[PDB]
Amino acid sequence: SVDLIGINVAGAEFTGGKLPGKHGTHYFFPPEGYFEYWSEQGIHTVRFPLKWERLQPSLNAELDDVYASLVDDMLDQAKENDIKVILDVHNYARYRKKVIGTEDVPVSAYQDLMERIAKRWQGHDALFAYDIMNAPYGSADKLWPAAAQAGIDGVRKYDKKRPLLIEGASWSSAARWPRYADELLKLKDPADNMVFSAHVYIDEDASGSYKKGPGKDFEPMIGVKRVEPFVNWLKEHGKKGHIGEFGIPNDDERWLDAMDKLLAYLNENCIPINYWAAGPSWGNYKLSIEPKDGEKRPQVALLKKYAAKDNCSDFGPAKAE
């Protein structure tokens, strides 16, 4: 089933310059007991970033045994705790810093990754969906629609059922979505089960850096205003949508006000959200909602408030009848 309220659980993609890196030093999967907390809080959908270069250290080669087995174990813990998991290839449409579709990283190698991901995990009950690439940007933008088709073809070799979450150019900006997304209308899914997934941060430059506070002329509808181009594009083209990332600092009511207005608009349109982010090794990261001694997490109350208002049976927005 489709939960409107979900969270990112980040950590497996950390310290991306250390490849392969060492689990528990450079990157972090959920420990035992991790999902039990969020399950108890009423959050039952998790988006889970993975680093492509760790899953597949050589293009077209078998998946890495150590890192892929950590994914196996996370999915097991998810299933044990009634957690639905969106696997996220958290790679900005690049492999070892080279754009998918260049000579260095042919689209067939990206198709290969997605085939092996689907082949390994389509049988797993905790797997909910594939977010096939996180936040394409920059020099990857123009090649990304062709890359996405290869990723879709890859998953569909082995998983004919589950939703594919398709992000957009420009860090999958919700605010700029229709500037680029017409290129995604060419994508073909044989299973006809794609969901487009945009991201939204509400600091001025939408980077999620939150270097400054809200500012005196802060607009509390800024979150709604920044997802409206995305949701309206979905309505215009009869598509289904999703917000894969949104996060705010914990230290100004204006941020929380904008978050509440955002969740209201997403609820009205049956658009799920994955809050960015929870995770086992965030420290004092300003957007973290992971419990931390002495750190307040007002955002989690808003998530629970809207988890209880979730009356949707499928990804929105609704089509006209």
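So that there is no doubt, residue numbering starts at 1 and follows the sequence shown.
- Relative to one another, 267-275 and 281-289 have unequal mean CA B-factors, and 281-289 is the one with the higher figure.
- Taking the mean C-alpha B-factor of each stretch as recorded, 301-309 and 6-14 are not equal, and the higher mean is that of 301-309.
- When the Cα B-factors of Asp203, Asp251, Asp159, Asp88 are read from the PDB record, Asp251 comes out highest.
- Highest C-alpha temperature factor among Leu59, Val46, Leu50, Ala258, as the PDB entry reports it: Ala258.
- In the PDB entry, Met133 places in the lowest third of its chain by CA B-factor.
- Sorting the modelled residues of the chain by their CA temperature factor places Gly241 in the lowest third.
- Per-chain ranking of the deposited C-alpha B factor places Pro220 in the highest third.
- Per the deposited record, the Cα B-factor of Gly168 falls in the lowest third when ranked against the other modelled residues of its chain.
- The PDB entry assigns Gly151 a C-alpha temperature factor belonging to the lowest third of its chain's modelled residues.
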